[PDB]
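Since the structure comes first, as structure tokens, the remarks are kept for the end.
Below, chain A is the first sequence line, B the second, and so on; all start at residue 1.
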Amino acid sequence: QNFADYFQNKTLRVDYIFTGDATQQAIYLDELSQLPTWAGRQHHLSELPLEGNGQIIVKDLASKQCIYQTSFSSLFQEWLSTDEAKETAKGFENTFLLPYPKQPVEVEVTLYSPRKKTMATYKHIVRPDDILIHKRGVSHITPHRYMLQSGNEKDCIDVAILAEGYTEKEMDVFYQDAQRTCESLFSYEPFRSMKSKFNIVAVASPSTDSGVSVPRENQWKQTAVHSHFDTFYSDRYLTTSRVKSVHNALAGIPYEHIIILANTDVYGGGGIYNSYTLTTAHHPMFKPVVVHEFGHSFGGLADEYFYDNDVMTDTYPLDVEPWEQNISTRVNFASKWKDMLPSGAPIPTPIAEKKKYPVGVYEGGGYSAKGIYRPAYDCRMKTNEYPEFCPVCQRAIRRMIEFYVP
Amino acid sequence: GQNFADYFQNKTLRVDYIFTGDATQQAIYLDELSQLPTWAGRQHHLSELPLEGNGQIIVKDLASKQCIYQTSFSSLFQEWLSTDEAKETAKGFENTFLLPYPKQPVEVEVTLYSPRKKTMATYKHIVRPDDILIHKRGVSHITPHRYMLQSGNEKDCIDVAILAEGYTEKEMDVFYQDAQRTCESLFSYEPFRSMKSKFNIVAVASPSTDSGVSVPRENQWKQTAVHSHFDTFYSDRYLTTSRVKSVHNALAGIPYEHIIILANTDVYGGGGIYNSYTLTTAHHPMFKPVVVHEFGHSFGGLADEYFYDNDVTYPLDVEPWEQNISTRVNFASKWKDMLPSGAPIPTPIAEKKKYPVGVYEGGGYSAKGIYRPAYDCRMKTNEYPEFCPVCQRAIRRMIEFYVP
Ligand SMILES: [Cl-]
Ligand SMILES: [Cl-]
Ligand SMILES: [Cl-]
Ligand SMILES: [K+]
Ligand SMILES: [K+]
Ligand SMILES: [Zn+2]
Ligand SMILES: [Zn+2]
Ligand SMILES: [Zn+2]
Ligand SMILES: [Zn+2]
């Protein structure tokens, strides 16, 4: 499929509202926007690199031929397993980028459960001549600086680093934090060997207040992307549900993936597949932590630690193969790293034999000590203190990069 | 009588919802709870309504289920539901409401009604006042503002906020001149003129990055304080904002009950919706009568009395909840008590001098089956000098309801 067959070199941005509670879910359209260029895929348009927990399928309206596919996970889907979702139905902002069509399209959004069951589905027609498609990124483009520029937006993976909780007086600190992000990311394989496949842009989005909101301390701050601690009443969980403010700050700058830096030294943050990474820039463990989160948001990798996470409730049924590439329930292991496991390797791999098996079937991962397996004894997806991604995480990241750019 | 201090604090519980749906189904969801440092609303008549509206919010004490606060409204969402787009694409709309801040947990219930008074959507949620995720607002960086009229405190007076849309920081002297023109226009009309001491008027200089407002059909997308735009529902001159949270965020920390948004342009356009806002163009030649007509909707909850249909409401077998129009289904609930004995129904146009209060056929966008109280009114035309006697009574009732 040639890009120019159905698409223009512009972006069709779609803002949705993901709604529901523990019993029901529904999707609604908020607004359509246009970005002046298309920073995404030129190839593999009608395929997915990963299933994700959510998908967007674009079909040509006249023929119903599938012409674009993208997958993701969302903060909304984490919220659905919290105590609040049992009693109060809520709406969540969710933004996705699609190539701008030459002709009318049918856009279909689907949300899936941890058992791969359809939770909610939504179909809408987009007509490219619609005057209410909000044009963006043509004026007041946020001041920005390229930290790494390997090539144009068509040939490279565009990553945007966005300032959260930095006033105009603190932008030199932010740009230094963006340099540190770039230096940390490209110190890890396969990012290190595939550095020429990436563009890194630092976006100096100003905040009225220095720092970020801490609701439990009654510290409400006015910031660029309105992030806050106490997400789902988990003290150190720093997130933003103001996704439109994130994408509005980035309009006009080519971007595919987002890293949000919060101007604080306390611990916290997280990353979600094709959502964003958000972490505290001045915490001592920033360098390995931002890369662990990018493992989720860009790599779509799972946590390999087997201790319970606060915001992650009943995430992996043991009778279902996870869609994440670096963990397995041994339901469909041949779809995972069976092809990288040496002949005659014991399953599970005994921990005493870890030096013999850099690639094994180690019991424990995805927040469970039993029934879930990880590919190595340790990895950056397991601990912040281990030096690198395990070989299976590295292959998965190489596949993500090869999928997105030739 | 219900004392304010029995259930409430002198603070505001602001609730932001998402109103969702299409022509076949509707649903309401919570977005976020906020707190404002004072309560600018009613101190009396807490558990009653001045009008039915098309939507209601009922606040009940959680433990007893006793009704402790009621407010009614209409919404941009409910207008959108009758458009072509609502037949094919389900959408979500921002809707913000202000409630008195409770001392103890409450049950908040939102209900949306159809033009036939049928329940379209209902939503119940519990608010616990010690919830740390209630977003505190209006405590820092309060938008620069100026009192155009200050008759008294926020408890005793009706607080009206005038907000700047499409004015850069360099144009705030023009905006303050426009807010002053708004106040001068409003208080030139009865009963506002004789009840001037019941109001506070505050001009809020919310800065815009760009001068003017967005015109989608001209591909003119501007970055402004409340993100208003023309071409609402593909109606060229329909100027609105669906970014209701941005309106209320700019006003956080300033006492307000009703909102007037002034757009920095001289072209024609705007509108007002009951307990939503008024939004109009400040420099159009007909500004003075137009802003008051819109305030008739947004504050008065009055209907349009003109019989011609807009570019884009009242079933003839249903009595409208609006006080200045009737389908004569329940005419005794309207201005029957002001109609002289033996007045002809309908009142012939040739006999308009004999009947300042009649039953004139035509109103609420229909030439037949809907009736208005006078041949002409501010709610019918921009060129007529005043509100009709029935609109004036209805406005007096609104003011008397809100403040002693
Ligand atoms: Cl800000
Ligand atoms: Cl994820
Ligand atoms: Cl109305
Ligand atoms: K790219
Ligand atoms: K008041
Ligand atoms: Zn993680
Ligand atoms: Zn790994
Ligand atoms: Zn009107
Ligand atoms: Zn009238």
Side-chain angles (χ1 to χ4, degrees), chain B residues 50-54 74 115 185-196 270-274 278 280 286-306 308-310 313-367 369-401:
Chain B
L51 290 172
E52 295 173 16
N54 282 320
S74 195
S185 182
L186 181 62
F187 294 105
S188 74
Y189 297 86
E190 288 297 351
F192 298 104
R193 178 157 211 127
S194 60
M195 297 181 98
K196 191 174 189 191
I273 298 173
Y274 174 54
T278 271
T280 202
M286 292 304 208
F287 169 74
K288 286 170 153 189
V290 165
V291 71
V292 168
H293 170 98
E294 305 306 356
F295 200 63
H297 296 303
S298 66
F299 170 78
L302 301 170
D304 287 310
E305 274 172 49
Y306 54 84
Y308 66 86
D309 236 286
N310 297 323
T313 334
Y314 304 103
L316 306 174
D317 64 326
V318 183
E319 191 62 38
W321 55 262
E322 296 95 326
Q323 301 296 288
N324 65 317
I325 62 162
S326 190
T327 53
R328 294 190 67 251
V329 167
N330 187 6
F331 187 62
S333 77
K334 298 301 177 76
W335 64 95
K336 190 224 208 292
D337 56 5
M338 283 180 76
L339 189 73
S341 64
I345 304 166
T347 310
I349 291 161
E351 290 187 69
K352 63 182 190 176
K353 298 289 147 185
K354 191 180 169 195
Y355 298 99
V357 180
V359 186
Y360 294 90
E361 201 160 15
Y365 323 112
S366 294
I370 310 174
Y371 305 85
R372 70 190 188 277
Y375 176 69
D376 206 342
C377 170
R378 173 53 69 250
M379 293 317 295
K380 188 189 170 209
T381 69
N382 296 328
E383 300 75 26
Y384 189 75
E386 63 202 79
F387 285 101
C388 76
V390 173
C391 277
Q392 288 194 36
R393 182 185 69 178
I395 298 165
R396 286 194 313 270
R397 287 166 166 182
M398 296 305 287
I399 295 158
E400 283 153 8
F401 175 84

Query raised in the report: Between B:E383 and B:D376, does a side chain to side chain contact (heavy atoms under 4.5 Å, CB included) hold up when you go through it step by step?
Result: CA-CA 10 Å; B:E383 300 75 26; B:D376 206 342; over 6 Å; no
Query raised in the report: Within the distance-only criterion (no hydrogens, no angle test), does the side chain of B:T278 pair as donor or acceptor with the backbone N or O of B:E294 below 3.5 angstrom?
Result: yes
Query raised in the report: Where do B:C377 and B:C391 come nearest, in terms of heavy atoms and distance?
Result: SG-SG, 3.8 Å
Requested in this report: Sequence neighbours left out, what passes side chain to side chain donor-acceptor pair (under 3.5 Å) with B:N382? Give chain and number order.
Outcome: B:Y268
Query raised in the report: Do the side-chain N and O atoms of B:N310 and B:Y306 include a donor-acceptor pair separated by under 3.5 angstrom?
Result: yes
Query raised in the report: So, B:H297 side chain and B:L302 main chain: donor-acceptor pair closer than 3.5 Å or not?
Result: yes
Query raised in the report: Between B:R378 and B:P289, is any pair of side-chain heavy atoms under 4.5 Å apart?
Result: yes
Query raised in the report: Between B:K380 and B:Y375, is NZ or CZ placed under 6.0 angstrom from the six-membered ring centre and within 45° of the ring axis?
Result: yes
Requested in this report: Just do the side chain to side chain contact (heavy atoms under 4.5 Å, CB included) check on B:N324 and B:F387 with the steps written out, would you?
Outcome: CA-CA 10 Å; B:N324 65 317; B:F387 285 101; over 6 Å; no
Query raised in the report: Under 3.5 Å, side chain of B:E361 to main-chain N/O of B:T347, donor-acceptor pair present?
Result: no
Query raised in the report: Would you say the ring centroid of B:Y360 lies under 6.0 angstrom from that of B:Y371?
Result: no
Query raised in the report: For B:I349, does the CD1 atom sit with more than 12 other heavy atoms under 6.0 Å from it, leaving out its own atoms?
Result: no
Requested in this report: For B:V291 and B:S185, work out which heavy atoms get closest and say how close.
Outcome: CG1-OG, 4.4 Å
Query raised in the report: Between B:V318 and B:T327, which heavy-atom pair has the shortest distance, and what is it?
Result: O-OG1, 2.7 Å
**Report entry** Student check: side-chain heavy atoms of B:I345 and B:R328 closer than 4.5 Å
**Finding:** yes
Query raised in the report: Taking all non-hydrogen atoms of both residues, which atom of B:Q323 and which atom of B:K334 are closest, and how far apart?
Result: O-CD, 4.0 Å
Requested in this report: Answer yes if the side chains of B:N54 and B:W321 hold a donor-acceptor pair under 3.5 Å, and no otherwise.
Outcome: yes
Report task. Would you indicate whether the side-chain heavy atoms of B:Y355 and B:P348 approach each other to under 4.5 Å? Result -> no
Report task. Mind telling me whether B:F192 and B:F299 have parallel, tilted or perpendicular rings, with 30° and 60° as the class edges? Result -> tilted
